[PDB]
Amino acid sequence: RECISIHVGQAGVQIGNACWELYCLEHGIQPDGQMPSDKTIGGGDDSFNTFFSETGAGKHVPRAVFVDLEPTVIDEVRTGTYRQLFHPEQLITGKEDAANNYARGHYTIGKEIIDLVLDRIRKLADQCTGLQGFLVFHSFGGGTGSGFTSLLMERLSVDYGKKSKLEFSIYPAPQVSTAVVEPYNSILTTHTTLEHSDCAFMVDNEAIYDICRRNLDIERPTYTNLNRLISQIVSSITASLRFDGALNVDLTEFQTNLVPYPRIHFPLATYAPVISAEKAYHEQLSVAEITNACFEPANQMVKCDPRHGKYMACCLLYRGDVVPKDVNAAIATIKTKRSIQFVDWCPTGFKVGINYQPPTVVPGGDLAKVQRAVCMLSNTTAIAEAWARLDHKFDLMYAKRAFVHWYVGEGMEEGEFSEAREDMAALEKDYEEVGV
Amino acid sequence: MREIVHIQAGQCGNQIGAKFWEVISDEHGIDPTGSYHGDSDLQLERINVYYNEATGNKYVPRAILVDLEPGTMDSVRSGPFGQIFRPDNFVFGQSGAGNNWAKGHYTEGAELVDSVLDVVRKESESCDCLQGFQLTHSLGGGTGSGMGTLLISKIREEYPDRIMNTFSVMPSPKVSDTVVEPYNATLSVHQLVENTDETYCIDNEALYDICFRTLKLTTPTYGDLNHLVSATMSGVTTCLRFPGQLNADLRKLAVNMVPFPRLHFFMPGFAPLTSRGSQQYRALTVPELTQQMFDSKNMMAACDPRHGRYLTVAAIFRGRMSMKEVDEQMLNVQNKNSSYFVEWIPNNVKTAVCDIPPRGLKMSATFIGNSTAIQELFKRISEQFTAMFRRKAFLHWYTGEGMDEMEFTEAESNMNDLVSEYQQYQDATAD
Amino acid sequence: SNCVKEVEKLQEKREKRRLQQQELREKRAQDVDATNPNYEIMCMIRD
Ligand SMILES: Nc1nc2c(ncn2[C@@H]2O[C@H](COP(=O)(O)OP(=O)(O)OP(=O)(O)O)[C@@H](O)[C@H]2O)c(=O)[nH]1
Ligand SMILES: Nc1nc2c(ncn2[C@@H]2O[C@H](COP(=O)(O)OP(=O)(O)O)[C@@H](O)[C@H]2O)c(=O)[nH]1
Ligand SMILES: [Mg+2]
Ligand SMILES: [Mg+2]
C-alpha cells in the first residue's frame, strides 16, 4: 500500500523538495511533521499514509531518500526551512559529481555508492507493511540523473523483483541548457531504463519555459520558477494516491489506464488552469473551459502536436469545486467537435475522477490559489516528436563521434551507443505502428 | 569538485603567473598581506578554488612557484604581493636553463622535480576534493617548457583522476629571445597533445600585434604583453571563480569544450582591448562587446577565425547588463556567420554572465574558442621548425644534453598530424 | 558510421604503428652485446 520516492541528481532533488512541500500544504502537515487532525501519534492507515510513516512523536516522515553524487544540493535540503522533517540517513551525498557524464554515473562513481543507496532504501522498505512500489525523480541531461538512475533501476528490478516503479524525467531544453552532450546521456538513460520502468512521464523544460513566459509573465525564468511550476503539475497526477480518490489509486493502475503496451508508456500530460497570482483575476473559469484547455499545445508539457497524431489512453483528474454532469457535458462537446483521432484497438471513453478539496498552492508563490483544476493524462503517438528532437540532436554528433571519448574513458564500450541508437529507432517505429 | 592547485614555471610563466594572482587577488578582495577586506559576499562564495585557507583570517594562494633561475623568485618576493606566498611553496634551482628544453626536461630540471612533487603532495593532502591542476609557462624558454612538460607528465600520472590545465605562450619572431624557440615549442606541443585536457594558447606574436597596432605601443615591453595575458586569464577563469551553473568546474568546462581527445587548443578573446591605466571615455555597449570579442583583432592567438570554423565557444560577459540583450546578440553573431560554425554540434555556444566586472572595466567580454583555425599557429612552428631541422642545425645543443634524434621526428610528425586532424574535422558536413 | 573520421582513423592507426617502429629499436637496441660509447659505430660495423 505504502510507496517510496527516490531522487537522483540536481534536478531530481530540487523537484523533490518542492513536491513534498506541496504535499504537506495540501494534507495540512506542519513543517516539523505534525498535523491537527492526524490519528494519535501514529496510525499508519489513513489515505495520506501511503507516503508518510508516522512516529511516536507524531512526526510524519516522508517515505523518501535523497541521492546526489554531489552534496551541494542535498545540503540545500538539510539547510532549507524543512531541516527538521527528514532524517539524515535519508540523505546520501557523494564526493565527485558525475560531471554530466552518463558513464561516470552508471559505472565509475555509481558502483562506489550504490550499496549504501540500497542500504538506505532498505530501512524504509521494511516499515512497509505492504510495498506497492517506487517513484523515481531524475533528469535526462545531468550525469548523476542519467547514469546512477539506470544503475538503480537495474539494481531495483533485482532487489524488489516486480512490484511497481514509476518514472519522472526532465527533457533537455537548449534554453536553460548547460551541457553539449545532454542528448547522449538522455538517449542512454532511456535505452538502459526502457524495460525496468512500468510507467514514465516526461517534462520538456522548453514547454515549462514557454508556459512561465506566456501565462505567468516571467521574462527570465530562474530554476526555482520552472520547478515551482512542475511541482503543482506533478501534485495532480499523484493527488489520487495520497487521498481517498476514485481514479489512479494503485501504482500498476497507471499501467492499466494509460499503458496498452509496456514499451509505449509515455503519456502526454496537460494541466489547466495555468494562471499567475496577479494576472487577470477576472471571473474564475468554468469546468468546460479548463476541460477545453486540455487540448491546447500551449498547455501541453511536451512540445508536440497531438492534432497530427493519434491518441491511445486519456484520463482527466479534477480537483477543487467540480460538478459531475458538467464534466460529462464537456466530454461530449469535445468528443463531437474535435478530430481527436483514437486508434481502433483502445477504449476511446475517458475515465475521470475528482477530489473535493481546494487545490492549495505555495503561499506567496508564482501561481494562483485557483479554485477548480483539471489534469489530462493522455498517452498520444504525437509524443514521438520529442525523441525526434533528440535523435536529430544525436545523429549529428555520433556521425562525428565527438564527445564520445569521454564515455570510453570512464568505462563504457562504443558498442553501447551502436545498440542504444537502434533501440530508440525501434521505439519510434512502434510509435508509428500504433497509428495505421 | 573544489580545489585547483596552481603551478607556474620559467621566467615568462612566473612573471605572468604573478600578474594573474595580482588580478584575481584584487577582484576577490585580497591584500598583499593576505587579509580579506571586500564589500561583497559573492566574492567569497567560491574563494577556496584558488586559495588555501590559513589561520589569522588570512588567504594563501594555493600555488607553487618553480624556476631554475635564482633571480626570478627575488623579483617575486620583493614584488608587491610577494609577502602572501607560503614560503615553503617556493621551489627553485641554481643552474638556470639557457632557453634549453632538454636541460629543463632531463638534466638540471630532473634534479628538482621530486622536490616539486613533495610540495604538490603537501598541498594535495590538505585538499578535500581536488579538481585538477592549472599550469602556466613559456614554450620558447627552457625552464617552463621542459621542466613544465616534465611536471605535467609526472603529475598527470600520479593523479590521473583529476584535470590537467595549461596556459602556454608561443615563440614570436617579433619578440624572440633566442633562435631555438621553434624546437622548444615543437617538443612542448608534442607533450601537451597527449598530456593535458585543456590548453589556452597565448601567442606572443599575436600580443606583439595587439600592442603595436591596436594599442599603438611602439616599443612593446614584456609587462605590456603580460597585461593582456593577465586580463585574458582573469576572464576565462570567471566561470570557475564565481557561482555559475555553466562551466562550474574544470571537468564540466572541458567536457563542453572538448569533442575530440587531441584537439583541446583554445583561442581566447578579450574585449575591449585595454592598455595599462587608460580611461574609458565611452565604455562599450553589448553589441560592441559581442562584435569585438569574435573579431580577429581581439584574438590571443595570431590566427584568423574568418578562416576556421568553431567547434565550441564559451562566452563570458562580465558586469551587470541586460541578459535578454546578451542572448539576442549572441544569436546574432551565431547565425549571421553560421557558415563559420559547425552545425553537427547543436547549441555548442554556451554563455555565462558575471556581475563583478574586471578591474576598472565597467563591462568586458571574455571568449574561449575551440577553433580549427588554431592550426595557423602550428603550421607556423612546423615550418619554422622544419627549416632548421632539415640540415639538423643546432641539434648538438640537445643531443649533447642526451636526447634522441627520433624524439624530434616523433614531434614534427605528431604536429603535422594534429594539423591534418584539424583540417579533417574542418571539412565536416551533415550527411 | 561517418566518413571524415575515417581519414582520421587512418591516421590514428598509423601513429601507433610508428610508435612500435620506435619501441622496437629501444628494447631491441638492448639485448646481449649492446653498449659502450661506440655502440652506434659498432652497430654500423656489424651491419
Ligand atoms: N526543471 C528543472 N530542470 C533542471 C534544473 N536543474 C537542471 N535541470 C535540467 O537538468 C539537466 C542537468 O541535470 P542535473 O540534474 O542538473 O545534473 P546532475 O544530475 O546533478 O549531474 P551532475 O551535475 O554531474 O552532478 C539540464 O538539462 C537542465 O535543463 C532545475 O532546477 N529544474
Ligand atoms: N608575455 C611574455 N613573454 C615572455 C616574457 N619573457 C619571455 N617571454 C617569451 O618566452 C620565451 C622565453 O622563455 P623564458 O621563460 O624567458 O625562458 P625560461 O626561463 O627558460 O623558461 C620567449 O619566446 C619569449 O618571447 C614575458 O615577460 N612576457
Ligand atoms: Mg549535479
Ligand atoms: Mg630563466
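Preceding block: the structure.
Residues numbered from 1 in each chain as written, not as in the entry; some residues may be left out. Chains lettered and ligands numbered in written order. Part of a larger assembly, values for the part shown. Heavy atoms only, no water. Residues with missing side-chain atoms left out of burial classes, pairs and counts.

A. A look at the overall build of chain C. Scanning chain C from terminus to terminus reveals 2 helices and 0 strands. The dimensions of chain C, computed from C-alpha atoms along their principal axes, are 50 × 15 × 15 Å. Of all 47 residues assigned to chain C, the portion counted as buried reaches 21%. Total accessible area on chain C stands at roughly 4300 Å², and carbon and sulfur atoms take up 56% of it. Side chains of chain C carry 11 positive and 10 negative charges; the gap between the two charge centres is 4 Å. (Helix = DSSP H or I, 4+ residues; strand = E, 2+ residues; numbered from the N terminus. Buried < 20%, exposed > 50% of the residue type's maximum accessible area, 1.4 Å probe, protein only. Areas by Shrake-Rupley, 256 points an atom, 1.4 Å probe, with all protein chains shown as cover. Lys, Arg positive; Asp, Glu negative; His and termini not counted. Charge placed at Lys NZ, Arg CZ, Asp CG, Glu CD.)

B. Spatial organisation of the overall build of chain B. What chain B contains, in helices and strands, is 15 helices and 12 strands. Against the 2.2 N^0.38 benchmark of 22 Å for 431 residues, chain B shows a C-alpha radius of gyration of 21 Å, consistent with a compact globule. Oriented by its inertia axes, the alpha-carbon framework of chain B measures out at about 60 × 60 × 45 Å. Long-range pairs, those at least 24 residues apart, make up 81% of the contacts in chain B between residues at least 6 apart in sequence. (Rg over C-alpha atoms; globule rule 2.2 N^0.38 Å. Contact = heavy atoms within 4.5 Å.)

C. How the structure looks around helix 13 (residues 375-389) of chain B. Residue and element names in this part refer to chain B. For helix 13, with 15 residues, the first-to-last C-alpha span of 20 Å sits near the 21 Å given by 1.5 Å per residue. Taken together, the buried positions of helix 13 are occupied by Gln375, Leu377, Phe378, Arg380, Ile381, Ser382, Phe385, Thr386, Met388 and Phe389. Those residues of helix 13 that are buried lie in contact with helix 6 (181-195), strand 8 (198-202), helix 7 (204-214), strand 9 (265-271) and helix 15 (405-426). (Expected span 1.5 Å × (residues − 1).)

D. Layout of helix 10 (residues 251-258) of chain A. Counting buried positions along helix 10 of chain A gives 6 out of 8 residues, so the element sits mostly inside the fold. Listed in full, the buried residues belonging to helix 10 of chain A are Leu251(A), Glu253(A), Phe254(A), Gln255(A), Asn257(A) and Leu258(A).

E. The arrangement of the site of ligand 1 in detail. All names here are of chain A. Around ligand 1 sit 21 residues, and of these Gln10, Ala11, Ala99, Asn100 and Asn227 come closest. Taking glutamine 10, its main chain carries an N or O atom lying 2.8 Å from an oxygen atom of ligand 1. One nitrogen or oxygen atom from the side chain of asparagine 205 is found 3.1 Å from a nitrogen atom belonging to ligand 1. For ligand 1, whose free accessible area comes to 640 Å², the fraction covered by protein is 98%. Those elements that place two or more of their residues in the shell around ligand 1 are helix 1 (9-27), helix 5 (143-154) and helix 8 (223-237). Here the residues of the shell around ligand 1 sort into 6 nonpolar, 11 polar and 4 charged. (Near = heavy atom within 4 Å. Polar contact = N/O pair within 3.5 Å; in protein donor to acceptor, adjacent residues only side chain to side chain. Nonpolar A, V, L, I, M, F, W, Y, C, P; charged D, E, K, R; others polar.)

F. Layout of the site of ligand 2. Residue and element names in this part refer to chain B. Around ligand 2 there are 18 residues in total, and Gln11, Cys12, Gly142, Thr143 and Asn226 lie nearest to it. The contact in question runs from an oxygen atom of ligand 2 to an N or O atom on the backbone of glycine 141, over 3.3 Å. At 3.0 Å from a nitrogen atom of ligand 2 is found a side-chain nitrogen or oxygen belonging to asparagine 204. Residue assignment for the shell around ligand 2 shows that the elements contributing at least two residues are helix 1 (10-28), helix 5 (143-158) and helix 8 (222-236). For the shell around ligand 2, a count of residues per class yields 5 nonpolar, 11 polar and 2 charged.

G. Highlighting the sheet that holds strand 5 (residues 90-92) of chain B. Residue and element names in this part refer to chain B. The strand order 5-4-1-6-7-8-9-12-10-11 describes an open sheet built from 10 strands, whose pairing is mixed. In this open sheet, the two strands that pair with only one neighbour each are strand 5 and strand 11 (349-354). Strand after strand, the sheet turns through a mean of 20° between neighbouring axes, direction not considered. The sheet contacts of helix 6 involve strand 6 (130-138), strand 7 (163-169), strand 8 and strand 9, and relative to strand 7 the element is tilted by about 155°. (Pairing = 2+ DSSP bridges. Axes fitted to C-alpha atoms, helices over the stretch in contact; angles between N-to-C directions.)

H. Spatial organisation of the interface of chain C and chain B. Across the contact, 9 residues belong to chain C and 12 residues belong to chain B. Interface area, chain C with chain B, both sides summed: about 1000 Å², of which 41% is carbon and sulfur. Run the count over chain C and chain B and you get 3 salt bridges. Residues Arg14(C) and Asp417(B) are paired through a salt bridge, measuring 2.3 Å at the closest nitrogen-oxygen approach. (Buried area = accessible area lost by both parts, 1.4 Å probe. Salt bridge = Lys/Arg side-chain N within 4 Å of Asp/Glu carboxyl O.)

I. Region of the structure containing the packing of aromatic side chains. Counted by the stated rule, this structure contains 44 aromatic pairs over all chains. Both rings, one in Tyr184(A) and one in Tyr407(A), keep their centres 6.0 Å apart while their planes meet at 65°; by these two values the pair is edge-to-face. Of the two residues, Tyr184(A) is situated in helix 6 (residues 182-191) and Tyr407(A) in helix 14 (residues 405-409); the sequence distance between them amounts to 223 residues. In this pair, the class of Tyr184(A) matches that of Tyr407(A), namely buried. Plain terms: the ring middles of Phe85(B) and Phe90(B) are 6.1 Å apart, the flat faces sit at 75° to each other, and that makes the pair edge-to-face. A relative accessible area of 7% places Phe85(B) in the buried class. The buried category is assigned to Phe90(B), whose relative accessible area is 7%. These aromatic residues form a ring-pair network of at least three members: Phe20(B), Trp21(B), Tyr36(B), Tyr50(B), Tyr51(B) and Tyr59(B). Between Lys39(A) and the ring centre of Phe48(A), over which it is positioned, the NZ or CZ distance is 5.4 Å. Sitting above the plane of the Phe90(B) ring, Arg77(B) keeps its charged end 3.5 Å from the centroid. (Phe/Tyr/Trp six-rings, centres within 6.5 Å; stacked < 30°, edge-to-face > 60°. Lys NZ or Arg CZ within 6 Å of the ring centre and 35° of its normal.)

J. Here's a closer look at the environment of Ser25(B). Residue and element names in this part refer to chain B. Relative to the elements of secondary structure, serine 25 occurs in helix 1. Look at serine 25 and you get buried, because its relative accessible area is 4%. Linking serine 25 and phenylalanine 133, residues 108 residues apart in sequence, is a C-alpha distance of 18 Å. In contact with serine 25, other than residues within four places in its own chain, are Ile30, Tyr51 and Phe81. For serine 25, the side chain forms a polar contact with the side chain of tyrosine 51, separated by 2.4 Å.

K. Inspection of unusual backbone geometry at higher detail. Along the chain, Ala272(A) connects to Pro273(A) via a cis peptide bond; the corresponding omega equals 5°. A cis amide bond, omega 0°, links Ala271(B) with the succeeding residue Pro272(B). Looking at the element boundaries, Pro272(B) is found in the loop between strand 9 and helix 11 (286-293). In the Ramachandran plot, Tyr281(A) falls in the positive-phi region, its phi being about 60° despite a non-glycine side chain. Here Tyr281(A) lies in the loop between strand 9 (268-272) and helix 11 (287-293). Positive phi outside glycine occurs at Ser176(B), with the angle close to 60°. Structurally, the position occupied by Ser176(B) is in the loop between strand 7 and helix 6.

L. Representation of the pattern of salt bridges in the model. Under the criterion given, the structure shown has 48 salt bridges over all chains. A salt bridge links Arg86(B) to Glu123(B); the nearest nitrogen and oxygen atoms lie 3.3 Å apart. Placement of the pair is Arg86(B) in the loop between helix 2 (71-77) and strand 5 and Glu123(B) in helix 4 (residues 113-125), with a sequence separation of 37 residues. Note on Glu123(B): relative accessible area 3%, which makes it buried. With its nearest N and O atoms 2.6 Å apart, the salt bridge here joins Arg262(B) to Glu15(C). Of this pair, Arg262(B) sits in the loop between helix 10 (250-257) and strand 9 while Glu15(C) is found in helix 1 (residues 5-28), placing the two residues in two different chains. Summarising the burial analysis for this pair, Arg262(B) and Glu15(C) share the class buried. Members of the salt-bridge network, linked through shared partners, are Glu96(A), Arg104(A), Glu410(A), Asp161(B), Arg162(B) and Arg251(B).

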